[PDB]
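Below is one structure, written out as structure tokens, with a few remarks after it.
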DNA sequence: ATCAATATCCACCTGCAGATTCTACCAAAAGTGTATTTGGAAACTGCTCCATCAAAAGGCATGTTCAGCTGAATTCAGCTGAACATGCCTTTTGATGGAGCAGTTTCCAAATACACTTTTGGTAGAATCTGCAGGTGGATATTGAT
DNA sequence: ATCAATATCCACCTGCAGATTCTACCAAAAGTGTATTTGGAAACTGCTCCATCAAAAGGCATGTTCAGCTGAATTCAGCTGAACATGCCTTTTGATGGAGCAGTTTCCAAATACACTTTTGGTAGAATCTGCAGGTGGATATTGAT
Ligand SMILES: [Cl-]
Ligand SMILES: [Cl-]
Ligand SMILES: [Cl-]
Ligand SMILES: [Cl-]
Ligand SMILES: [Cl-]
Ligand SMILES: [Mn+2]
Ligand SMILES: [Mn+2]
Ligand SMILES: [Mn+2]
Ligand SMILES: [Mn+2]
Ligand SMILES: [Mn+2]
Ligand SMILES: [Mn+2]
Ligand SMILES: [Mn+2]
Ligand SMILES: [Mn+2]
Ligand SMILES: [Mn+2]
Ligand SMILES: [Mn+2]
Ligand SMILES: [Mn+2]
Ligand SMILES: [Mn+2]
Ligand SMILES: [Mn+2]
Ligand SMILES: [Mn+2]
Ligand SMILES: [Mn+2]
Ligand SMILES: [Mn+2]
Ligand SMILES: [Mn+2]
Ligand SMILES: [Mn+2]
Ligand SMILES: [Mn+2]
């Protein structure tokens, strides 16, 4: 499974940047579930932008538009 | 030519038992004594943000009356959509 | 003396029609109708807007049934979108058969 | 397939405020996204304003109200100022 | 002899009472008074459509009833039954509001 | 043998990664991940490298702020250790759940 | 010989008006002929799905007439409508009955 | 005949008054755009760019950098009460977070 | 396990307010016919993007130790909830005066519409420069022991 | 707090590759100049809809007393999660080759835009219909004390 590729030391760095000092063991599987969910919502919308344009490549703008729909605006790849 | 009574301090009109009724609908069983002033603080901020925009919509339309639609448009900007008044 | 008159437009007559189709015996209060009217106008804007974006995104001057459909896929939860996409396609083919 | 950014205009504004400082390419694209972003926020609100009042035209008056609705208090105030400064100086030239 | 409900019992009855209902919970003249005071600080000599104060009241009460759900979860997360300002504060910040 | 007290490396690690701005999930398992998920939607989809880089930026920020939020919830319950129930509460209050 | 487009598409919703509204709202320079039809259908399907559940909610509370409480119950108890309307307030709707278990005696 | 002078120049702006006019037109925001609208808008846009780059630049000099990088943008925006709210739901690629350690987590001594 | 005290449910009635049905003008679809776009269907590129391959490198999985954190159990002071008298002030309802929506008309200041004519933003090699990978060498923090 | 002892960070320097800034062009926007439609500010003006005021009722906010139970504090053990060293392995990174595409250009059938002229669906009051708000009283549950 590829979700398990998102490893414990990576999830712990994110937590360190997010300012967490101590981390419970059940967190990493919890985190993967949430990351999983996030990626789906965003990609579902992005591919839907792709299919509409009759393209086969997902563009940066496709992800930017999806992220805007989801209320999470991203700067630096088009707006 | 005539005047109204000065409107001042009306946030205290939002009484404690009303704040207690709202929390009950919100599922609160027990309430700290300091809650009531906090709520008033939060409500006031809410109302200002919402009304400011409502009035801005009024100033723009060159009106003197605030309409339900002004308030519904304000509420939409602010991300809290209201159904049932022109919604 | 002379007199002046006005006119408003809502989805009320349609909402009532659809109400009678599903619950023939049931009625609807004004506040309830007004809420329903608010709902149509809302969904109408969300779809029209997203459709407008899709068109502008692909350097297109025209909103077609297809922009509407994609928009619908983006705004509705699956199985509300699955049914909606279905009902709408039914309407366009039916509309195209009798010209 | 020609593109378009606000880069040269941002670079121009960058050099007016800090002559000595430059901007990485990634930073520039972030700014380009910012300008594009706010532009849409203001235009939309202006479009909304016009339609609400059964109006066909977006005027500076619409931008100004839109700017009021979208910008935080001290930022609305300076922006509203700067924009009027820009329209007046534009009318000056006859 | 005199009868007394243990503390919490009347609270639970009230929670049930008011969740079953849909009436406005702030009294209507003091709320109106509050709104006219605030609105008059932005612009003077305004008037209000009735539906506009009622819209504002519905919107407010909805906001607070819901903040209280979120506040209530926060007290509980901290192994308490009593809501306090830090619960509202925590809730308002996670939500994305402030001060 | 020298040993730092538990918590001392952590406060050091927090400082490192807040002071910095690099991506924190390593790029290939992630790129790999994004590609699996997408084909739950279509096949022979293709990705601009910048598109996967965009998704990765979107993810880490999301998770980092959720982690800020989870952390406040943990401290609120007078703990220093975040747990699933903290992530649960933060996502509920945000509106992503229940 | 006149034949309303709503009739042609088998819809209650006014395909004609929905056409007018797409135009005078400026979403694009031109509007395709199928767009208001598809849209009017989706509007009609969604008001149908909601009124269905709200009617069910009125009958279970022995009422003939739908009131805003029934809209609110129908909406907040349906997983997908609740998502669609997650940021919507229904005037006079109330909340769903819910008491955290931690709060009950026993 | 006569001698051309760009609307940006007439308004004393660096930002493209002409381009902002075209974009308002081709975005379908209204049937018509007044001549004052793009001027006003372009000014407003320029001003916000100035305010950000001002503060983002001050931060680059404090890291001894000639070049503004996203970190300085992120520093500038998230440290200014108002810019931070305007951009409250915006992610800045390669921005990082503001250094902040919740005090409870620091040692007692 | 019973009892007294409460509160909540839940069905019965009925004029009346609020919802339905109905009427008749008329605004706005619909039908026609002419005038414009436009989004394709085929034909062509250059260019990103996959698909592999294989070094070398940090970075990750492991397992053991032990610090110290989370949660449990107890204790207690004081705060908040329940209950009741009292009386203020909201709620209703109603009449009236009057501002100011909203409906209309008429007319310019202002926008749109071509036709041309510069002028600029974008683009692509060539020509300078700033971080950057690294290296210290030194300070700065930290831990376990007196 | 001092002392000593690892361990880790972090400023002072420094040549060089990967980027930024600089040069030299051009199609495509932007600007001008002239000729015309036209949206919407103004000036009324009818008339809803709002702002007060007030009387009279009786619903609730208030203030007070008091004890149940909650929150805060302490103490403590067991068990989880941090830190660390070791060692294997996944990930980076660095070109290469070739196909599967998005991006253009250009051509016409097909689709959409308009303007009038009917023709009908939708709306506003008016005239009927009618749930059910509100006011009850008996049962059925619930709570808390002997
Ligand atoms: Cl989400
Ligand atoms: Cl070395
Ligand atoms: Cl000693
Ligand atoms: Cl002409
Ligand atoms: Cl306790
Ligand atoms: Mn049915
Ligand atoms: Mn009693
Ligand atoms: Mn203008
Ligand atoms: Mn009547
Ligand atoms: Mn080797
Ligand atoms: Mn009193
Ligand atoms: Mn040039
Ligand atoms: Mn140039
Ligand atoms: Mn360096
Ligand atoms: Mn280095
Ligand atoms: Mn010793
Ligand atoms: Mn080089
Ligand atoms: Mn003419
Ligand atoms: Mn006119
Ligand atoms: Mn007493
Ligand atoms: Mn006691
Ligand atoms: Mn121990
Ligand atoms: Mn008819
Ligand atoms: Mn009743």
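Residue numbering: from 1, along the chain as shown.
Even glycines carry a Cβ here, placed using N, Cα and C.
Taken from Swiss-Prot, the feature ubiquitin cross-link covers D:3 (among others), and the record attributes it to similarity to another entry. In sequence order, no residues are near residue D:3 (ubiquitin cross-link), counting only same-chain partners six or more apart with C-beta under 8 A.
When other Cβ atoms within 10 Å of the Cβ of residue D:89 (ubiquitin cross-link) are tallied across all protein chains shown, the result is 15. Sequence annotations record features per position, and here Swiss-Prot assigns ubiquitin cross-link to D:89 (among others).
What Swiss-Prot lists as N6-crotonyllysine is D:3, and the listing cites experimental evidence. Secondary structure at residue D:3 (ubiquitin cross-link), as computed by DSSP, is coil.
The feature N6-succinyllysine is assigned by Swiss-Prot to D:3 (among others).
All chains included, 15 other C-beta atoms sit within 10 angstroms of the C-beta of residue D:5 (phosphoserine). Residues or ranges marked as phosphoserine by Swiss-Prot: D:5.
Annotation for residue D:12 (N6-lactoyllysine): no same-chain Cβ neighbours under 8 Å separated by at least 6 residues are found. Taken from Swiss-Prot, the feature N6-lactoyllysine covers D:12 (among others).
Taken from Swiss-Prot, the feature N6-methyllysine covers D:15 (among others). For residue D:15 (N6-methyllysine), no same-chain residue 6+ apart in sequence has a C-beta under 8 angstroms from its C-beta.
DSSP assigns residue D:54 (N6-lactoyllysine) to coil in the three-state reduction, placing it in neither a helix nor a strand. Around residue D:54 (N6-lactoyllysine), a 10 Å sphere centred on its CB holds 8 further CB atoms from the protein chains shown. Annotated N6-lactoyllysine per Swiss-Prot: D:54 (among others), in sequence order, evidence recorded as experimental evidence.
Around the Cβ of residue D:55 (omega-N-methylarginine), the same chain contributes D:49, D:62, each under 8 angstroms and 6 or more positions distant in sequence. Positions annotated as omega-N-methylarginine by Swiss-Prot: D:55 (among others).
According to Swiss-Prot, the feature omega-N-methylarginine maps to D:61 (among others). Taking all protein chains in view, 18 other C-beta atoms sit within 10 angstroms of the C-beta of residue D:61 (omega-N-methylarginine).
Taking a C-beta cut-off of under 8 angstroms and a sequence separation of 6 or more, residue D:77 (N6-lactoyllysine) has no same-chain neighbours. Residues or ranges marked as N6-lactoyllysine by Swiss-Prot: D:77 (among others).
Swiss-Prot lists D:84 with the feature phosphothreonine. For residue D:84 (phosphothreonine), applying a Cβ distance below 8 Å and a minimum sequence separation of six or more within one chain yields D:64. Under the DSSP three-state reduction, residue D:84 (phosphothreonine) is assigned to helix.
Under the heading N6-succinyllysine, Swiss-Prot lists D:85 (among others), citing similarity to another entry as support. Using a 10 Å radius centred on the Cβ of residue D:85 (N6-succinyllysine) and all shown protein chains, the other Cβ atoms total 16.
Per Swiss-Prot, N6-succinyllysine is recorded for D:89 (among others), and the stated evidence type is similarity to another entry.
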Filtered recorded positions - D:5, D:12, D:85, D:89 - keeping only those with Cβ under 8 Å from chain H: D:12, D:85, D:89
10 Å Cα neighbourhood of residue D:54 (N6-lactoyllysine): matching recorded positions from D:61, D:85, D:89: none
Residue D:61 (omega-N-methylarginine) versus residue D:89 (ubiquitin cross-link) - Cα distance in angstrom: 16
Recorded positions whose CB lies under 6 angstroms from ligand 16, from D:54, D:55, D:85, D:89: none
